[PDB]
Amino acid sequence: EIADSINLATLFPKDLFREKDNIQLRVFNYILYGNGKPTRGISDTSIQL
Amino acid sequence: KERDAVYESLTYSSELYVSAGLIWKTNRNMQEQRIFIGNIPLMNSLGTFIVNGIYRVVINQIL
């Protein structure tokens with residue numbers, strides 16, 4: 001299960017007030033491999049999924 | 001040298017090198033090498049080129 005809660009309070013101090021901004025950050029979840037596609041493991045290297 | 005390109009009927013030219021990356025998503029390996037695109041003829045200070053030993057000049061066109 002991919003957590004829809006990625007810990008990024010590590011980014012900003014979460015101010016008491018936040019003004020409306022044209023900019024807006026986004027968290028995008030990314031499944032690195034296609035559906036049914038093989039994930040090949042090279043020796044001594046871990047596979048990120 | 002320029003006198004060599006004339007004696008041997010060669011072309012006075014320079015080698016264009018670029019780095020190229022080739023990603024194979026089958027193995028996710030990105031391989032980068034210095035690729036040799038080809039030769040670019042060089043111009044002498046007198047504005048002349050040496051192609052196959054022949055002195056050549058590119059004239060100006062008005063359009």
# chains A, B, ... in the order shown; residues from 1 in each chain; ligands from 1
$ interface_residues --of "chain A" --to "chain B" --cutoff "9 Å" --atoms "only C-alpha atoms" --output "PyMOL selection string"
chain A and resi 38-40
$ residues_around --residues "residue 17 (chain B)" --least-positions-apart "6" --cutoff "10 Å" --atoms "only C-alpha atoms" --output "ChimeraX atom specification"
/B:33-39
$ residues_around --residues "residue 5 (chain A)" --least-positions-apart "4" --cutoff "12 Å" --atoms "only C-alpha atoms" --output "list in words"
residues 1, 9, 27, 28 and 29 of chain A
$ atom_distance --atom1 "CA of residue 18 (chain A)" --atom2 "CA of residue 2 (chain A)"
28.3 Å
$ atom_distance --atom1 "CA of residue 12 (chain B)" --atom2 "CA of residue 62 (chain B)"
27.9 Å
$ residues_around --residues "residue 13 (chain B)" --least-positions-apart "4" --cutoff "7 Å" --atoms "only C-alpha atoms" --output "VMD selection string"
chain B and resid 39 to 42
$ write_last_selection --atoms "N, CA, C and O atoms" --output "PDB file, in the first residue's frame"
ATOM      1  N   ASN B  39      33.284  15.179 -39.718  1.00  0.00           N
ATOM      2  CA  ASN B  39      34.284  16.193 -40.019  1.00  0.00           C
ATOM      3  C   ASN B  39      33.619  17.485 -40.480  1.00  0.00           C
ATOM      4  O   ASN B  39      32.613  17.458 -41.194  1.00  0.00           O
ATOM      5  N   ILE B  40      34.192  18.613 -40.071  1.00  0.00           N
ATOM      6  CA  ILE B  40      33.749  19.939 -40.481  1.00  0.00           C
ATOM      7  C   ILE B  40      34.919  20.622 -41.181  1.00  0.00           C
ATOM      8  O   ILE B  40      35.961  20.846 -40.559  1.00  0.00           O
ATOM      9  N   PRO B  41      34.808  20.961 -42.466  1.00  0.00           N
ATOM     10  CA  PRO B  41      35.921  21.633 -43.148  1.00  0.00           C
ATOM     11  C   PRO B  41      36.264  22.967 -42.499  1.00  0.00           C
ATOM     12  O   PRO B  41      35.386  23.751 -42.138  1.00  0.00           O
ATOM     13  N   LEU B  42      37.560  23.223 -42.368  1.00  0.00           N
ATOM     14  CA  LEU B  42      38.054  24.444 -41.753  1.00  0.00           C
ATOM     15  C   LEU B  42      38.498  25.434 -42.820  1.00  0.00           C
ATOM     16  O   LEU B  42      38.906  25.053 -43.920  1.00  0.00           O
TER      17      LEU B  42
END
$ atom_distance --atom1 "CA of residue 32 (chain A)" --atom2 "CA of residue 47 (chain A)"
10.0 Å
$ residues_around --residues "region 46-49 of chain B" --least-positions-apart "2" --cutoff "12 Å" --atoms "only C-alpha atoms" --output "PDB file with N, CA, C and O atoms, in the first residue's frame"
ATOM      1  N   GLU B   2      47.878  21.983 -43.507  1.00  0.00           N
ATOM      2  CA  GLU B   2      47.282  22.427 -44.764  1.00  0.00           C
ATOM      3  C   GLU B   2      48.113  21.984 -45.959  1.00  0.00           C
ATOM      4  O   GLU B   2      47.563  21.546 -46.976  1.00  0.00           O
ATOM      5  N   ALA B   5      47.320  18.330 -46.524  1.00  0.00           N
ATOM      6  CA  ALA B   5      46.038  18.096 -47.177  1.00  0.00           C
ATOM      7  C   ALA B   5      46.101  18.363 -48.675  1.00  0.00           C
ATOM      8  O   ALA B   5      45.287  17.816 -49.425  1.00  0.00           O
ATOM      9  N   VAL B   6      47.049  19.181 -49.125  1.00  0.00           N
ATOM     10  CA  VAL B   6      47.237  19.420 -50.551  1.00  0.00           C
ATOM     11  C   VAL B   6      48.123  18.351 -51.182  1.00  0.00           C
ATOM     12  O   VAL B   6      47.828  17.862 -52.275  1.00  0.00           O
ATOM     13  N   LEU B  10      43.948  15.385 -49.553  1.00  0.00           N
ATOM     14  CA  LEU B  10      42.998  15.168 -48.477  1.00  0.00           C
ATOM     15  C   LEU B  10      42.199  16.447 -48.226  1.00  0.00           C
ATOM     16  O   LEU B  10      42.279  17.418 -48.985  1.00  0.00           O
ATOM     17  N   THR B  11      41.413  16.449 -47.153  1.00  0.00           N
ATOM     18  CA  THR B  11      40.578  17.583 -46.787  1.00  0.00           C
ATOM     19  C   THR B  11      41.014  18.123 -45.435  1.00  0.00           C
ATOM     20  O   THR B  11      41.118  17.367 -44.463  1.00  0.00           O
ATOM     21  N   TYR B  12      41.276  19.426 -45.379  1.00  0.00           N
ATOM     22  CA  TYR B  12      41.624  20.096 -44.133  1.00  0.00           C
ATOM     23  C   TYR B  12      40.347  20.297 -43.328  1.00  0.00           C
ATOM     24  O   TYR B  12      39.489  21.102 -43.704  1.00  0.00           O
ATOM     25  N   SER B  13      40.209  19.569 -42.224  1.00  0.00           N
ATOM     26  CA  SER B  13      38.930  19.507 -41.536  1.00  0.00           C
ATOM     27  C   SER B  13      39.144  19.266 -40.049  1.00  0.00           C
ATOM     28  O   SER B  13      40.236  18.907 -39.603  1.00  0.00           O
ATOM     29  N   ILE B  40      34.192  18.613 -40.071  1.00  0.00           N
ATOM     30  CA  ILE B  40      33.749  19.939 -40.481  1.00  0.00           C
ATOM     31  C   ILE B  40      34.919  20.622 -41.181  1.00  0.00           C
ATOM     32  O   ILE B  40      35.961  20.846 -40.559  1.00  0.00           O
ATOM     33  N   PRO B  41      34.808  20.961 -42.466  1.00  0.00           N
ATOM     34  CA  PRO B  41      35.921  21.633 -43.148  1.00  0.00           C
ATOM     35  C   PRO B  41      36.264  22.967 -42.499  1.00  0.00           C
ATOM     36  O   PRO B  41      35.386  23.751 -42.138  1.00  0.00           O
ATOM     37  N   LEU B  42      37.560  23.223 -42.368  1.00  0.00           N
ATOM     38  CA  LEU B  42      38.054  24.444 -41.753  1.00  0.00           C
ATOM     39  C   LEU B  42      38.498  25.434 -42.820  1.00  0.00           C
ATOM     40  O   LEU B  42      38.906  25.053 -43.920  1.00  0.00           O
ATOM     41  N   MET B  43      38.421  26.712 -42.477  1.00  0.00           N
ATOM     42  CA  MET B  43      38.780  27.793 -43.380  1.00  0.00           C
ATOM     43  C   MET B  43      40.148  28.344 -43.008  1.00  0.00           C
ATOM     44  O   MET B  43      40.465  28.501 -41.826  1.00  0.00           O
ATOM     45  N   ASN B  44      40.962  28.615 -44.021  1.00  0.00           N
ATOM     46  CA  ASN B  44      42.235  29.290 -43.832  1.00  0.00           C
ATOM     47  C   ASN B  44      41.991  30.777 -43.566  1.00  0.00           C
ATOM     48  O   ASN B  44      40.893  31.295 -43.775  1.00  0.00           O
ATOM     49  N   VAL B  51      39.429  21.071 -49.997  1.00  0.00           N
ATOM     50  CA  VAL B  51      38.571  19.898 -50.114  1.00  0.00           C
ATOM     51  C   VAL B  51      39.156  18.996 -51.190  1.00  0.00           C
ATOM     52  O   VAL B  51      39.258  19.399 -52.355  1.00  0.00           O
ATOM     53  N   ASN B  52      39.539  17.780 -50.796  1.00  0.00           N
ATOM     54  CA  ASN B  52      40.186  16.816 -51.692  1.00  0.00           C
ATOM     55  C   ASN B  52      41.402  17.431 -52.381  1.00  0.00           C
ATOM     56  O   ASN B  52      41.678  17.169 -53.553  1.00  0.00           O
ATOM     57  N   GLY B  53      42.134  18.263 -51.643  1.00  0.00           N
ATOM     58  CA  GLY B  53      43.313  18.919 -52.163  1.00  0.00           C
ATOM     59  C   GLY B  53      43.056  20.148 -53.006  1.00  0.00           C
ATOM     60  O   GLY B  53      44.015  20.835 -53.376  1.00  0.00           O
ATOM     61  N   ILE B  54      41.800  20.462 -53.306  1.00  0.00           N
ATOM     62  CA  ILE B  54      41.449  21.575 -54.181  1.00  0.00           C
ATOM     63  C   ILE B  54      41.097  22.784 -53.326  1.00  0.00           C
ATOM     64  O   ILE B  54      40.268  22.689 -52.413  1.00  0.00           O
ATOM     65  N   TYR B  55      41.740  23.916 -53.609  1.00  0.00           N
ATOM     66  CA  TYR B  55      41.386  25.167 -52.952  1.00  0.00           C
ATOM     67  C   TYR B  55      40.014  25.625 -53.424  1.00  0.00           C
ATOM     68  O   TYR B  55      39.760  25.720 -54.628  1.00  0.00           O
ATOM     69  N   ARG B  56      39.130  25.919 -52.478  1.00  0.00           N
ATOM     70  CA  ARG B  56      37.764  26.295 -52.801  1.00  0.00           C
ATOM     71  C   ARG B  56      37.368  27.538 -52.024  1.00  0.00           C
ATOM     72  O   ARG B  56      37.782  27.737 -50.879  1.00  0.00           O
ATOM     73  N   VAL B  57      36.555  28.370 -52.665  1.00  0.00           N
ATOM     74  CA  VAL B  57      36.071  29.612 -52.083  1.00  0.00           C
ATOM     75  C   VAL B  57      34.558  29.637 -52.229  1.00  0.00           C
ATOM     76  O   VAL B  57      34.029  29.308 -53.296  1.00  0.00           O
ATOM     77  N   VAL B  58      33.868  30.005 -51.159  1.00  0.00           N
ATOM     78  CA  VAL B  58      32.422  30.161 -51.178  1.00  0.00           C
ATOM     79  C   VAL B  58      32.115  31.636 -51.391  1.00  0.00           C
ATOM     80  O   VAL B  58      32.451  32.475 -50.546  1.00  0.00           O
ATOM     81  N   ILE B  59      31.491  31.958 -52.519  1.00  0.00           N
ATOM     82  CA  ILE B  59      31.200  33.343 -52.858  1.00  0.00           C
ATOM     83  C   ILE B  59      29.872  33.749 -52.233  1.00  0.00           C
ATOM     84  O   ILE B  59      29.064  32.915 -51.817  1.00  0.00           O
TER      85      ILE B  59
END
$ decode --residues "region 21-48 of chain A" --atoms "N, CA and C atoms" --output "compact mmCIF listing (two decimals), in the first residue's frame"
# COMPACT_ATOMS: atom_id res chain seq x y z
N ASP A 21 -1.55 31.82 -3.03
CA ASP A 21 -0.39 31.87 -3.91
C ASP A 21 -0.78 31.39 -5.30
N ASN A 22 -0.23 32.04 -6.32
CA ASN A 22 -0.34 31.50 -7.67
C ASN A 22 0.35 30.15 -7.77
N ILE A 23 1.53 30.02 -7.15
CA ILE A 23 2.22 28.75 -7.12
C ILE A 23 1.47 27.77 -6.21
N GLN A 24 1.62 26.48 -6.50
CA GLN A 24 1.04 25.45 -5.66
C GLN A 24 1.84 24.17 -5.83
N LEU A 25 2.24 23.57 -4.71
CA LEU A 25 2.97 22.32 -4.75
C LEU A 25 2.02 21.14 -4.91
N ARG A 26 2.57 20.03 -5.39
CA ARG A 26 1.80 18.83 -5.64
C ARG A 26 2.66 17.61 -5.32
N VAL A 27 2.03 16.57 -4.78
CA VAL A 27 2.69 15.31 -4.50
C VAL A 27 2.15 14.27 -5.47
N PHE A 28 3.02 13.75 -6.32
CA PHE A 28 2.64 12.80 -7.36
C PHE A 28 3.25 11.44 -7.05
N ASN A 29 2.41 10.42 -6.95
CA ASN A 29 2.87 9.06 -6.75
C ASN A 29 3.17 8.42 -8.10
N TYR A 30 4.28 7.70 -8.17
CA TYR A 30 4.83 7.24 -9.44
C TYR A 30 5.22 5.78 -9.33
N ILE A 31 4.45 4.91 -9.99
CA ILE A 31 4.77 3.49 -10.09
C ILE A 31 5.80 3.34 -11.20
N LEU A 32 7.04 3.02 -10.84
CA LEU A 32 8.15 3.11 -11.79
C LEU A 32 8.01 2.12 -12.94
N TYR A 33 7.35 0.99 -12.73
CA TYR A 33 7.28 -0.06 -13.74
C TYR A 33 5.84 -0.29 -14.18
N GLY A 34 5.69 -0.70 -15.44
CA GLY A 34 4.38 -0.93 -16.01
C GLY A 34 3.70 -2.17 -15.44
N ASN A 35 2.41 -2.27 -15.72
CA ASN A 35 1.60 -3.38 -15.22
C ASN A 35 2.04 -4.68 -15.87
N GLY A 36 2.50 -5.63 -15.05
CA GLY A 36 2.97 -6.91 -15.54
C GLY A 36 4.38 -6.89 -16.10
N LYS A 37 5.06 -5.74 -16.08
CA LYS A 37 6.41 -5.64 -16.62
C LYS A 37 7.42 -6.18 -15.61
N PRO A 38 8.50 -6.80 -16.07
CA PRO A 38 9.48 -7.38 -15.14
C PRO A 38 10.34 -6.32 -14.48
N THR A 39 10.69 -6.56 -13.22
CA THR A 39 11.63 -5.73 -12.47
C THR A 39 12.89 -6.56 -12.26
N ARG A 40 13.96 -6.23 -12.98
CA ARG A 40 15.18 -7.01 -12.95
C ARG A 40 16.12 -6.50 -11.87
N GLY A 41 16.61 -7.42 -11.03
CA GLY A 41 17.47 -7.05 -9.93
C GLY A 41 18.94 -7.29 -10.18
N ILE A 42 19.72 -6.22 -10.28
CA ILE A 42 21.17 -6.32 -10.40
C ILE A 42 21.75 -6.63 -9.03
N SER A 43 22.80 -7.45 -9.01
CA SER A 43 23.40 -7.89 -7.76
C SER A 43 23.90 -6.71 -6.94
N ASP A 44 23.60 -6.74 -5.64
CA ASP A 44 24.02 -5.76 -4.64
C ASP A 44 23.37 -4.39 -4.82
N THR A 45 22.34 -4.29 -5.66
CA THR A 45 21.59 -3.05 -5.84
C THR A 45 20.11 -3.33 -5.59
N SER A 46 19.48 -2.47 -4.79
CA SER A 46 18.07 -2.63 -4.47
C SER A 46 17.20 -2.00 -5.55
N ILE A 47 16.02 -2.58 -5.74
CA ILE A 47 15.07 -2.11 -6.74
C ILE A 47 14.09 -1.15 -6.09
N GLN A 48 14.02 0.07 -6.63
CA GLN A 48 12.98 1.01 -6.24
C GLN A 48 11.76 0.80 -7.13
